[PDB]
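Worksheet for the structure shown next.
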Amino acid sequence: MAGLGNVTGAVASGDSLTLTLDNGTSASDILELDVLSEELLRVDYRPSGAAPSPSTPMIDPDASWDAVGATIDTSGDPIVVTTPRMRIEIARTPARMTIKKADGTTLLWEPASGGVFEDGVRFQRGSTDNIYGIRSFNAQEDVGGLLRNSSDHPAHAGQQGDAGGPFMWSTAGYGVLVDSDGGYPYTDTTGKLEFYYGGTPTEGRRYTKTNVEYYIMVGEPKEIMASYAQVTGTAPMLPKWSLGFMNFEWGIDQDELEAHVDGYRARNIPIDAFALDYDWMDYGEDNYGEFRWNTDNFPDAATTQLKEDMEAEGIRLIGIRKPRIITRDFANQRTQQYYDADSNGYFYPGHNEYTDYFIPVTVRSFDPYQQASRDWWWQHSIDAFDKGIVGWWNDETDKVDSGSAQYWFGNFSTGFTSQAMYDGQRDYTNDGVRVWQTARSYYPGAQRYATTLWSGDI
Amino acid sequence: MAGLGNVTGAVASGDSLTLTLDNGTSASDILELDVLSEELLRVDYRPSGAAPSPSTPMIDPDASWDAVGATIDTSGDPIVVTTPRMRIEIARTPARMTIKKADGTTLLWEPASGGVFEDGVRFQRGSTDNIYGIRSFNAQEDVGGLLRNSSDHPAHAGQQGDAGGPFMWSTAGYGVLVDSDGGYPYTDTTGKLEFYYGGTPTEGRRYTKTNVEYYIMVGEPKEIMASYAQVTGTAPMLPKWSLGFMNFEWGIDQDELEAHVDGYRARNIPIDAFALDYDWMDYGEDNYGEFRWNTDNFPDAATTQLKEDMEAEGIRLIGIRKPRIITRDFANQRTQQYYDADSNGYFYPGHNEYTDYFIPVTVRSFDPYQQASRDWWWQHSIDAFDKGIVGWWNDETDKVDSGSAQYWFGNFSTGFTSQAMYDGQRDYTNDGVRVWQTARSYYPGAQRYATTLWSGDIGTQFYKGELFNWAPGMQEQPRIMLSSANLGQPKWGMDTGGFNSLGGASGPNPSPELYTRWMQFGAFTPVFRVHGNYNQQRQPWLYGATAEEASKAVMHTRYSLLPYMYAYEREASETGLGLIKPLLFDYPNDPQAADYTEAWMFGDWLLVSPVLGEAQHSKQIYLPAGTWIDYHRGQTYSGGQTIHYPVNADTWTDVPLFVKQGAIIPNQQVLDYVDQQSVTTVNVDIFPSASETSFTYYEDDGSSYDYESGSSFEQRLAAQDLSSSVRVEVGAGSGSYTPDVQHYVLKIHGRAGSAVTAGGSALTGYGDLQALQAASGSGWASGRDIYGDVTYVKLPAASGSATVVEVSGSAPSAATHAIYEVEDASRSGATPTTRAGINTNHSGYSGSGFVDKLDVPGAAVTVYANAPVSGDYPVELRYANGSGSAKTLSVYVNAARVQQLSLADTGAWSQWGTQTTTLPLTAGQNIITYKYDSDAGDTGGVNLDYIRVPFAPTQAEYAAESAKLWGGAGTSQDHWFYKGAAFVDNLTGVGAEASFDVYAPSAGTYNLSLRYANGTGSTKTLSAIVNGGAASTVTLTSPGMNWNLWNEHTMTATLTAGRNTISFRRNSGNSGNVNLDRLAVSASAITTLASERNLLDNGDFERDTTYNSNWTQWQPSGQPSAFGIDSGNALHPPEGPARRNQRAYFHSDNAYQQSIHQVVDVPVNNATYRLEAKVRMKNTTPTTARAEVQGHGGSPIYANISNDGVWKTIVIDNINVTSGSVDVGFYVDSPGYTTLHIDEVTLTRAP
Ligand SMILES: OC[C@H]1O[C@H](OC[C@H]2O[C@H](OC[C@H]3O[C@H](OC[C@H]4O[C@H](OC[C@H]5O[C@@H](O)[C@H](O)[C@@H](O)[C@@H]5O)[C@H](O)[C@@H](O)[C@@H]4O)[C@H](O)[C@@H](O)[C@@H]3O)[C@H](O)[C@@H](O)[C@@H]2O)[C@H](O)[C@@H](O)[C@@H]1O
Ligand SMILES: OC[C@H]1O[C@H](OC[C@H]2O[C@H](OC[C@H]3O[C@H](O)[C@H](O)[C@@H](O)[C@@H]3O)[C@H](O)[C@@H](O)[C@@H]2O)[C@H](O)[C@@H](O)[C@@H]1O
Ligand SMILES: OC[C@H]1O[C@H](O[C@H]2[C@H](O)[C@@H](O)[C@@H](O)O[C@@H]2CO)[C@H](O)[C@@H](O)[C@@H]1O
Ligand SMILES: OC[C@H]1O[C@@H](O)[C@H](O)[C@@H](O)[C@@H]1O
Ligand SMILES: OC[C@H]1O[C@@H](O)[C@H](O)[C@@H](O)[C@@H]1O
Ligand SMILES: OC[C@H]1O[C@H](O)[C@H](O)[C@@H](O)[C@@H]1O
Ligand SMILES: [Ca+2]
Ligand SMILES: [Ca+2]
Ligand SMILES: [Ca+2]
Ligand SMILES: [Mg+2]
Ligand SMILES: [Mg+2]
Ligand SMILES: [Mg+2]
Ligand SMILES: [Mg+2]
Ligand SMILES: [Mg+2]
Ligand SMILES: [Mg+2]
Ligand SMILES: [Mg+2]
Ligand SMILES: [Mg+2]
Ligand SMILES: [Mg+2]
Ligand SMILES: [Mg+2]
Ligand SMILES: [Mg+2]
Ligand SMILES: [Mg+2]
Ligand SMILES: [Mg+2]
Ligand SMILES: [Mg+2]
Ligand SMILES: [Mg+2]
Ligand SMILES: [Mg+2]
Ligand SMILES: [Mg+2]
Ligand code: NI
Ligand code: NI
Ligand code: NI
């Protein structure tokens, strides 16, 4: 957790400056500065001069910049790097960076206490500076503001609409971007602006870095953002239809889709796309069913016909994808896609197969406390009894746990459910067929209605 | 919490002892002891001697004991009950029970501090006694032992194998059983043995007891247990086969069952039964599927064959039962079982519909991090792509939660999943088809692979905690969007309408209000999309006519802006900056922009601030440095301030949108979809600033990556306001793509030139925009629009050289009206091939044509017309009618049917006429529709040429509820007969005020009329302050002690040109205590406003249902009301209102009669009135269903309502009122299930 030592060597060449820093050993630390643009500096700290690790997929591998022709003056203390847009000062003893505008305004700096080190970057800046980036908010979180002035939330992709990254910037005229697979940005109102690799995040870490590769941006917000896009990549242009209105829908087939499109077109309500949920594909089936059009829902997707008729009406189709495959189909048989993925090693590391559900059913609890309800429940069971159900396995007379639904049945629910079958069967068979039942709860009195108890999902 | 008082009486009789206990009062406590057996005592404590409540189902209702012949000695202290097995002592002062064995050993006793009491029993016993009972353990719990020596666990049935009850006993020789529905047993190692009813337990309580009924057992454990069974019941004998082995199984059919049984039998492994899980029944299906044998799994269960064949092999069958029914079948239809349960009330109380799953599959996550894995993933996607999947909605690349499965995907999973599709599609199509994707996470770098971000499973609610706390709602979304933009992912969207509700998929859709506001918001975000949960619908027409029309209108604005928006899509490919940004991007040094999210930039030149509040009448909007022009209303605002912005809560037509001075905004005709046709004229709206600004117009093929190697087109447009001219440069064309655009029409706002020059040549002047558009070759024209003076300049696009245009001079138009050629407007109809049409097959039309095909029911044309202020606008319709007689069309304004127009024959189809109708327009955008509404009795059958809308109304109105309220002034709906969505009240404290922003075309004296209520009984006062001038007194008389009466206060005011402030305030000397509704303003004498014609209170049922109205209801004595008011958003699909948010309904599952009625005193007696309403009926044909008018001085007038399922208009005209009042009503006589919806009821004075 210590800062860099003294500078023992400074080699300038073009837009690059390489500093050798004393660390007490024969393997000195290396710090490589590269002026990428007039307002963008790449810093690569290599502890004990070890080779850098590969950059994570944050970094655009095709990124390149024109020569800047920065001035690099190693003649004194501090060493000075200048462009028309920024002035970088590296003090020699110990090595500490200060970043300034070309006009001399101090933006951020590595404090005496310590700056870059083997596990992150540490800067100090104006305590009233407004900080942005780092994180957003997901569909299960309290939603804060834009400001990140007292932030310790990790840098992650997150889930459920979240966004994040090791990118922290200010309207005071600077940004910091660290190449990293997750990690821990930190800010506070004393002026700290830091980033730590830390321990393995919740989401895992598959790209480890021995070096610390980071970028310093100078400029107004749009300039910072443009520099961010130079480092991590610009966005390819989407199809122009993607500026139009889109109707996403779960629970839809071809006839419904046609009626919806007709409803929009009849009303001159513009629309360019429908997105189809599970409905579009044979999810759950063998032979890559989770990639295949569901022709029960969409008969004309047996060929290019659906595509072409929808295109003729100005509708493009989007389809939902899940990054998983069905490994046992509806009939519990191993699928072709399982064998192919298993033999080639295509499953996500640490993720084992799991039983899952995707076909929702709507239900609602009956009330066994009412005689008329019990009479009804029994009446509708007679046919099943006649055709061989002679024992009643009464499950879930205790509590529902389904999504937002946490509903308790009352203490007499087992007794009364049991009573419905007991009274009914005894009446129907004129006391000629003994009743047998089981339930997974018991309260005094339930035993009058011929029920056993089983110990649940052990 | 105190113990019993002194025994004051003791009556022994047989095996019973009845004690009377002192409690201070004349109604003494009763304690009944009954010796049931030699070792079983019943105790019944009845506070104040009240009758006991019924015993819970714990108690065997048939329990019965032989006489014991116990000895009861009341002669001393203690009283003594003995049997051969126990000795019960009751001390007299205070009453305390001690229980002993016959031999005198003390088992337990009530301590001095208190025993039995109103909410339980309290005993003391040996501290080393071992206690048993109370509770067991479930399949999700740590499992303890048998001892209950330090227990505070509740007595409950519990879940998942639990057992429990108010039964505590000891091997030291005693037991205690309390009759109770749940409760709280307590033991500790000091010797306490207690039971409390307590509050309602987690599981609920449906059996409440005012008495305390309990039982004391004496004996060894088997004797205690036998006594327990005497009280609560013995167990009937199970079938003998139930002592055998049973194989329970889930995932089984008849073939497998037979194989299993053969397996047992072949090996002589005994077995008596198989239990069948979901497999046995048609769970999920209609017609009681959850009670019916599944004959796909078990074919021989079609008859008794399966039962009989299995019985022959010695196998009995057990079937799983769930205490619930399926309420929706696999095609989302209500089930028979639902209808039966719902109508009879058989659902568990407090348990609503919810989502279950019963069909499992097994899945496993793929690794997108590997190139070989990505190749495989793409290869298997090709067939779906060929057959129409051209966009990839990549879900759950973040985290999965499935049981024990809590698996995280790594930070690069969205990027790499996107790369699989991106690299793949680009290779397969040879860079010929652009990639589109969306994911629900973002991490830096993912943007390289062409993916947007959506905000995940957000809640269908206005804000987090409105309806539920576990997901954010609409109001949080701008903060999520702008946080994403701050991370370099500006390509963002949300589930407009929301995804999650209480109850899951079966839970409610958004209200029409929530839906409409969300659509207006979404139209100004990058990825514009609706979504909802399983089997939910998000089509705009389902949410009523306001949602439909407001959504359509804002969608037209977005699509008109395609050329503007598309330049930002290109910009994102060069710098990553996109279509939206927070204000802080442009204003890094502004502290009021630092955390600002209620407004944002849409491109460089538009600031948008959608109305996101429920029932919001006004908005505070921060405008940063510059000059801003209201897009819809035309007025200018100086920057660097928070403005008060009135909005119309009644129409929902406002989307607050501000043009940044400097703006250069390319726009086009509205297409149904992006490449519906070539667009050859692009409009460029220019609002020049004193500094030069520019916008680079951009085209390419919209479809491929050809743009990457130069195949695109751009032209830099630049503008500057100079000392006495405006200069606009259209730079030379650039790039190799040949664009569709042939001409720009520059619309240069703020100057109506006398000359327009270019290259030492003065351009040819034309009479107006239409003449200019029809001319070949360049030219100019001038006019007036909502913003003021405008100069039009038509020039060729894509020239090889730059053109500099200069507009000089000032010659303002004399025009009094804007003209909208209806052939340029929005044409609709019942189906895609029956929309209103365009034609030129009769002569004499203005513009390029006229609108025909208004002769198929439902055909319509809709004009979007801006108004600077709310008020009366006489709108002229030009039409032809060569039919030989009058024809009718409906005119709708902001989704309200304003009038049926009677359009006279004009002599021939090539001869044209005009009809002028005063329309109630609101400030900003208005939706004006001419429609053949056959369900309102229109004929249709005319051709329409244009409408002319005056730039100024005849008189203006300003809603008090939308004014700037201060000093405690607030909005309310808690009195009747207000106009608009509300009124203003609480003008009580000194300083309370409502301040109106009133606009005037010129300096002068204007008439004001202030609508107010004063039900104090006496005259009250406020002060009027105009432009901060000297206060004048406003004296406001009272009609009497009645806050449902409104009056006009008329006055004059000197106003200046432009914006004026007119405040009504309780100054120090004023009394206040009046309610304010609306301020009318006119240069002429003020008359009845077009928006205020309706004489009914709450005729549209839009009032918050917490507050009542002048509507009354009736049903037969003893029948529940079948009437309510709501939005219809809880239904799937929604059955929405005719307009705005709410509609009345009549519905019952049983036979019913129901009416609503409203009586009003009319303004002018001995005159003619007219009743109009929207009505919709479905389900069973009722015997009677009608609108009714009565009490008017004539006999009742009826109009029948006809069972369709569609909204129709019912009209009762020519109501001759001579009584001074009218009763309007709606009545249904149904055999059951008939649903009537009623909305938009109006009673108006009829010409
Ligand atoms: O309205 C539909 C849903 O929408 C949102 O979720 C979107 C989500 O939908 C799909 O996944 C649904 C859920 O699937 C799994 O959990 C399902 C249940 O698993 C267990 O129970 C299984 C069965 O066990 C038997 O023994 C029992 O007899 C039977 O009744 C029971 O169903 C759990 O014990 C239950 O509690 C679960 O309900 C996942 O584990 C869940 O995370 C998931 O919500 C779809 O496949 C997904 O891709 C998609 O993301 C709402 O959030 C959701 O509540 C709602 O149902
Ligand atoms: O309804 C108003 C309408 O009246 C005239 O047009 C009538 C009619 O003219 C066209 O149809 C003519 C004719 O076509 C076929 O022969 C059918 O079999 C006939 O029933 C039909 O009458 C036109 O196609 C129709 O749209 C139209 O209703 C005026 O000429 C119209 O301008 C005016 O809108
Ligand atoms: O329970 C009040 C409810 O009644 C109506 O909804 C009916 C619907 O009209 C019927 O067609 C059928 O689907 O059953 C529903 C009863 O739940 C009203 O339309 C609705 O507003 C109201 O809430
Ligand atoms: O019906 C499927 C499963 O449902 C659970 O609630 C029961 O406890 C199990 O015994 C049963 O196999
Ligand atoms: O596939 C069903 C649902 O799954 C959820 O994980 C997604 O976030 C929803 O958008 C989708 O509708
Ligand atoms: O002004 C509103 C009031 O009007 C009538 O007096 C009603 O009886 C009352 O319930 C209501 O609150
Ligand atoms: Ca015309
Ligand atoms: Ca009002
Ligand atoms: Ca309404
Ligand atoms: Mg370089
Ligand atoms: Mg390290
Ligand atoms: Mg601060
Ligand atoms: Mg659907
Ligand atoms: Mg079709
Ligand atoms: Mg198939
Ligand atoms: Mg293997
Ligand atoms: Mg007796
Ligand atoms: Mg009580
Ligand atoms: Mg002990
Ligand atoms: Mg099996
Ligand atoms: Mg056999
Ligand atoms: Mg069947
Ligand atoms: Mg009902
Ligand atoms: Mg305000
Ligand atoms: Mg009041
Ligand atoms: Mg009255
Ligand atoms: Ni997060
Ligand atoms: Ni328990
Ligand atoms: Ni009903």
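Labeling convention for the structure tokens: chains A, B, ... as they appear, residues from 1 per chain, ligands from 1 in order of appearance.
Around range 245-260 of chain A, within 6 Å and counting only C-alpha atoms, the residues found are residues 271, 272, 273, 274, 275, 276, 277, 297 and 298 of chain A; 528, 529, 530, 531, 534 and 535 of chain B, once anything fewer than 4 positions away on its own chain is removed.
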Restrict the selected residues to N, CA, C and O atoms and save them as a compact mmCIF listing (two decimals), in the first residue's frame.
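The file below, selection_32.txt, is the result:
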# COMPACT_ATOMS: atom_id res chain seq x y z
N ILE A 271 -44.75 2.82 -36.25
CA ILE A 271 -44.09 1.71 -35.58
C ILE A 271 -43.18 0.99 -36.60
O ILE A 271 -43.56 0.80 -37.76
N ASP A 272 -41.98 0.65 -36.16
CA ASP A 272 -40.97 0.02 -37.00
C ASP A 272 -40.62 -1.42 -36.65
O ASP A 272 -40.04 -2.12 -37.50
N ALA A 273 -40.92 -1.86 -35.43
CA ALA A 273 -40.47 -3.16 -34.94
C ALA A 273 -41.38 -3.76 -33.86
O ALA A 273 -41.95 -3.05 -33.03
N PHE A 274 -41.49 -5.09 -33.92
CA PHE A 274 -41.99 -5.91 -32.85
C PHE A 274 -40.88 -6.78 -32.33
O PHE A 274 -40.12 -7.35 -33.13
N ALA A 275 -40.77 -6.86 -31.01
CA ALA A 275 -39.85 -7.78 -30.36
C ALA A 275 -40.65 -8.89 -29.74
O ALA A 275 -41.63 -8.65 -29.04
N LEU A 276 -40.21 -10.11 -30.01
CA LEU A 276 -40.89 -11.30 -29.57
C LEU A 276 -40.11 -11.98 -28.45
O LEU A 276 -38.88 -12.13 -28.52
N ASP A 277 -40.84 -12.39 -27.42
CA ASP A 277 -40.26 -13.03 -26.23
C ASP A 277 -40.16 -14.56 -26.49
O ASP A 277 -40.06 -14.97 -27.65
N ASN A 297 -46.51 -21.22 -32.92
CA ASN A 297 -46.88 -19.82 -32.74
C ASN A 297 -46.79 -19.01 -34.05
O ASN A 297 -47.64 -18.16 -34.29
N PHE A 298 -45.78 -19.27 -34.87
CA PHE A 298 -45.55 -18.50 -36.09
C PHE A 298 -45.39 -19.42 -37.31
O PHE A 298 -44.27 -19.66 -37.77
N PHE B 528 -36.92 3.74 -28.06
CA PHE B 528 -38.32 3.99 -27.75
C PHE B 528 -39.11 2.72 -27.89
O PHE B 528 -39.38 2.26 -29.02
N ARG B 529 -39.52 2.15 -26.76
CA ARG B 529 -40.17 0.83 -26.76
C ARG B 529 -41.10 0.62 -25.60
O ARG B 529 -40.78 1.01 -24.47
N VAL B 530 -42.25 -0.01 -25.87
CA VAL B 530 -43.13 -0.51 -24.81
C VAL B 530 -42.76 -1.96 -24.50
O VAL B 530 -42.25 -2.70 -25.36
N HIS B 531 -42.98 -2.36 -23.25
CA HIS B 531 -42.88 -3.78 -22.87
C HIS B 531 -43.77 -3.97 -21.66
O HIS B 531 -44.22 -2.99 -21.04
N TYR B 534 -45.85 -11.06 -18.86
CA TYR B 534 -46.50 -12.14 -19.62
C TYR B 534 -47.97 -11.89 -19.86
O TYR B 534 -48.70 -11.60 -18.92
N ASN B 535 -48.38 -12.00 -21.12
CA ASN B 535 -49.77 -11.78 -21.57
C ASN B 535 -50.35 -10.38 -21.23
O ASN B 535 -51.58 -10.19 -21.24
Could you list, as a list in words, every residue within 8 Å of range 28-38 of chain A, counting only C-alpha atoms and ignoring same-chain residues fewer than 6 positions away? residues 15, 16, 17, 18, 19, 20, 21, 22, 44, 45, 46, 47, 48, 49, 65, 66, 67, 68, 70, 83, 84, 85 and 86 of chain A
With ligand 29 as the partner and 9 Å as the cut-off, tabulate the residues of chain B that qualify, each row holding the nearest pair of atoms and their distance in Å to one decimal, using only C-alpha atoms and all ligand atoms, sorted by chain and rising number, as a Markdown table.
| residue | atom | partner | partner_atom_place_in_ligand_line | distance |
| --- | --- | --- | --- | --- |
| B:339 | CA | ligand 29 | 1 (Ni) | 7.4 |
| B:342 | CA | ligand 29 | 1 (Ni) | 7.3 |
| B:343 | CA | ligand 29 | 1 (Ni) | 6.8 |
| B:1147 | CA | ligand 29 | 1 (Ni) | 6.6 |
| B:1148 | CA | ligand 29 | 1 (Ni) | 5.5 |
| B:1149 | CA | ligand 29 | 1 (Ni) | 4.5 |
| B:1150 | CA | ligand 29 | 1 (Ni) | 8.3 |
| B:1232 | CA | ligand 29 | 1 (Ni) | 8.5 |
| B:1233 | CA | ligand 29 | 1 (Ni) | 5.7 |
| B:1234 | CA | ligand 29 | 1 (Ni) | 8.4 |
| B:1235 | CA | ligand 29 | 1 (Ni) | 8.3 |
Could the residues in this selection be written to a file with N, CA, C and O atoms, as a JSON list (two decimals), in the first residue's frame?
[["chain", "number", "residue", "atom", "x", "y", "z"],
["B", 339, "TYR", "N", -64.82, -18.47, -12.88],
["B", 339, "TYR", "CA", -66.16, -17.90, -12.82],
["B", 339, "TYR", "C", -66.98, -18.46, -11.68],
["B", 339, "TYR", "O", -67.65, -17.71, -10.98],
["B", 342, "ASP", "N", -65.31, -17.25, -8.31],
["B", 342, "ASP", "CA", -65.43, -15.79, -8.15],
["B", 342, "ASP", "C", -66.87, -15.43, -7.79],
["B", 342, "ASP", "O", -67.12, -14.76, -6.79],
["B", 343, "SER", "N", -67.82, -15.94, -8.57],
["B", 343, "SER", "CA", -69.24, -15.61, -8.36],
["B", 343, "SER", "C", -69.78, -16.07, -7.00],
["B", 343, "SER", "O", -70.62, -15.39, -6.41],
["B", 1147, "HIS", "N", -71.50, -3.65, -12.90],
["B", 1147, "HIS", "CA", -71.22, -5.07, -13.08],
["B", 1147, "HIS", "C", -71.55, -5.85, -11.83],
["B", 1147, "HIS", "O", -71.29, -5.41, -10.72],
["B", 1148, "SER", "N", -72.15, -7.02, -12.04],
["B", 1148, "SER", "CA", -72.33, -8.02, -10.99],
["B", 1148, "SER", "C", -72.40, -9.39, -11.63],
["B", 1148, "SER", "O", -72.78, -9.52, -12.80],
["B", 1149, "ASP", "N", -72.01, -10.41, -10.86],
["B", 1149, "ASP", "CA", -72.02, -11.80, -11.34],
["B", 1149, "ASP", "C", -73.36, -12.45, -11.16],
["B", 1149, "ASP", "O", -73.60, -13.51, -11.71],
["B", 1150, "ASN", "N", -74.21, -11.84, -10.33],
["B", 1150, "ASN", "CA", -75.59, -12.27, -10.16],
["B", 1150, "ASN", "C", -76.52, -11.27, -10.82],
["B", 1150, "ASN", "O", -76.10, -10.17, -11.21],
["B", 1232, "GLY", "N", -77.50, -11.16, -15.10],
["B", 1232, "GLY", "CA", -76.20, -11.34, -14.49],
["B", 1232, "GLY", "C", -75.14, -11.10, -15.52],
["B", 1232, "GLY", "O", -75.40, -11.20, -16.72],
["B", 1233, "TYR", "N", -73.95, -10.73, -15.04],
["B", 1233, "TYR", "CA", -72.73, -10.63, -15.84],
["B", 1233, "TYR", "C", -72.62, -9.45, -16.82],
["B", 1233, "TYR", "O", -71.50, -9.12, -17.23],
["B", 1234, "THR", "N", -73.74, -8.83, -17.19],
["B", 1234, "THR", "CA", -73.72, -7.62, -18.02],
["B", 1234, "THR", "C", -72.79, -6.57, -17.40],
["B", 1234, "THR", "O", -72.90, -6.27, -16.22],
["B", 1235, "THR", "N", -71.87, -6.07, -18.20],
["B", 1235, "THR", "CA", -71.05, -4.92, -17.82],
["B", 1235, "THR", "C", -71.41, -3.74, -18.70],
["B", 1235, "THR", "O", -71.36, -3.84, -19.92]]
Residues up to 10 Å from ligand 24, counting only C-alpha atoms and all ligand atoms: could you list those as a PyMOL selection string? chain B and resi 617-621+642-646+962-966+994-995
Dump of N, CA, C and O atoms for the selected residues, as a CSV table (one decimal), in the first residue's frame:
chain,number,residue,atom,x,y,z
B,617,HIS,N,-50.6,19.7,-12.3
B,617,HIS,CA,-51.2,20.9,-12.9
B,617,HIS,C,-50.2,21.9,-13.4
B,617,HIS,O,-50.5,22.8,-14.1
B,618,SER,N,-49.0,21.8,-12.9
B,618,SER,CA,-47.9,22.7,-13.3
B,618,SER,C,-46.6,22.0,-12.9
B,618,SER,O,-46.5,21.1,-12.1
B,619,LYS,N,-45.5,22.5,-13.6
B,619,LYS,CA,-44.2,22.0,-13.4
B,619,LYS,C,-43.2,23.1,-13.2
B,619,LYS,O,-43.3,24.2,-13.8
B,620,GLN,N,-42.2,22.9,-12.4
B,620,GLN,CA,-41.0,23.7,-12.3
B,620,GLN,C,-39.9,23.2,-13.2
B,620,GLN,O,-39.7,21.9,-13.2
B,621,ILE,N,-39.4,24.0,-14.1
B,621,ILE,CA,-38.5,23.6,-15.1
B,621,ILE,C,-37.3,24.5,-15.1
B,621,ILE,O,-37.5,25.7,-15.3
B,642,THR,N,-35.5,29.0,-13.0
B,642,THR,CA,-36.6,28.0,-12.9
B,642,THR,C,-37.9,28.7,-13.3
B,642,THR,O,-38.3,29.7,-12.7
B,643,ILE,N,-38.6,28.1,-14.3
B,643,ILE,CA,-39.9,28.7,-14.7
B,643,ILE,C,-41.0,27.8,-14.1
B,643,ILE,O,-40.9,26.6,-13.9
B,644,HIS,N,-42.1,28.5,-13.9
B,644,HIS,CA,-43.4,27.8,-13.6
B,644,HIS,C,-44.1,27.6,-15.0
B,644,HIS,O,-44.3,28.5,-15.7
B,645,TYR,N,-44.5,26.3,-15.2
B,645,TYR,CA,-45.0,25.9,-16.5
B,645,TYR,C,-46.4,25.3,-16.3
B,645,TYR,O,-46.5,24.2,-15.8
B,646,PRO,N,-47.5,26.0,-16.6
B,646,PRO,CA,-48.8,25.4,-16.5
B,646,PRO,C,-49.0,24.2,-17.4
B,646,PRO,O,-48.5,24.3,-18.6
B,962,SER,N,-53.5,25.4,-12.3
B,962,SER,CA,-52.2,25.5,-13.0
B,962,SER,C,-51.4,26.8,-12.8
B,962,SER,O,-50.3,26.9,-13.4
B,963,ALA,N,-52.0,27.7,-12.0
B,963,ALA,CA,-51.3,28.9,-11.7
B,963,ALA,C,-50.2,28.7,-10.7
B,963,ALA,O,-50.1,27.6,-10.1
B,964,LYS,N,-49.3,29.7,-10.5
B,964,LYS,CA,-48.3,29.6,-9.5
B,964,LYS,C,-48.9,29.9,-8.1
B,964,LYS,O,-49.5,30.9,-7.8
B,965,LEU,N,-49.0,28.8,-7.3
B,965,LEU,CA,-49.6,28.8,-6.0
B,965,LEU,C,-48.5,29.1,-4.9
B,965,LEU,O,-47.4,28.5,-5.0
B,966,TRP,N,-48.8,29.9,-3.9
B,966,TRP,CA,-47.9,30.3,-2.9
B,966,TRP,C,-48.6,30.6,-1.6
B,966,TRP,O,-49.9,30.9,-1.6
B,994,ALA,N,-52.6,33.0,-5.9
B,994,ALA,CA,-52.5,32.3,-7.1
B,994,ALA,C,-52.1,33.3,-8.2
B,994,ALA,O,-52.8,34.3,-8.3
B,995,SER,N,-51.0,33.1,-8.8
B,995,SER,CA,-50.5,34.0,-9.8
B,995,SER,C,-50.5,33.5,-11.2
B,995,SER,O,-49.9,32.5,-11.5
According to DSSP computed on the backbone, where in range 717-910 of chain B is there strand (DSSP E or B)? Give the residues as number ranges by chain. B: 717-721, 725-730, 734, 743-749, 755-758, 761-762, 765, 779-785, 788-796, 803-808, 817-821, 826-828, 837-839, 850-852, 860-867, 870-880, 887-893, 896-903
Could you produce a table of the residues of chain B lying within 10 Å of ligand 18, with the nearest pair of atoms per residue and their separation in Å rounded to one decimal, using only C-alpha atoms and all ligand atoms, ordered by chain and increasing residue number, as a tab-separated table?
residue	atom	partner	partner_atom_place_in_ligand_line	distance
B:47	CA	ligand 18	1 (Mg)	9.2
B:117	CA	ligand 18	1 (Mg)	9.0
B:118	CA	ligand 18	1 (Mg)	5.4
B:119	CA	ligand 18	1 (Mg)	4.9
B:120	CA	ligand 18	1 (Mg)	8.4
B:196	CA	ligand 18	1 (Mg)	9.7
B:197	CA	ligand 18	1 (Mg)	7.4
B:198	CA	ligand 18	1 (Mg)	8.5
B:199	CA	ligand 18	1 (Mg)	9.5
B:208	CA	ligand 18	1 (Mg)	8.0
B:209	CA	ligand 18	1 (Mg)	6.6
B:210	CA	ligand 18	1 (Mg)	5.0
B:211	CA	ligand 18	1 (Mg)	7.3
B:212	CA	ligand 18	1 (Mg)	8.6
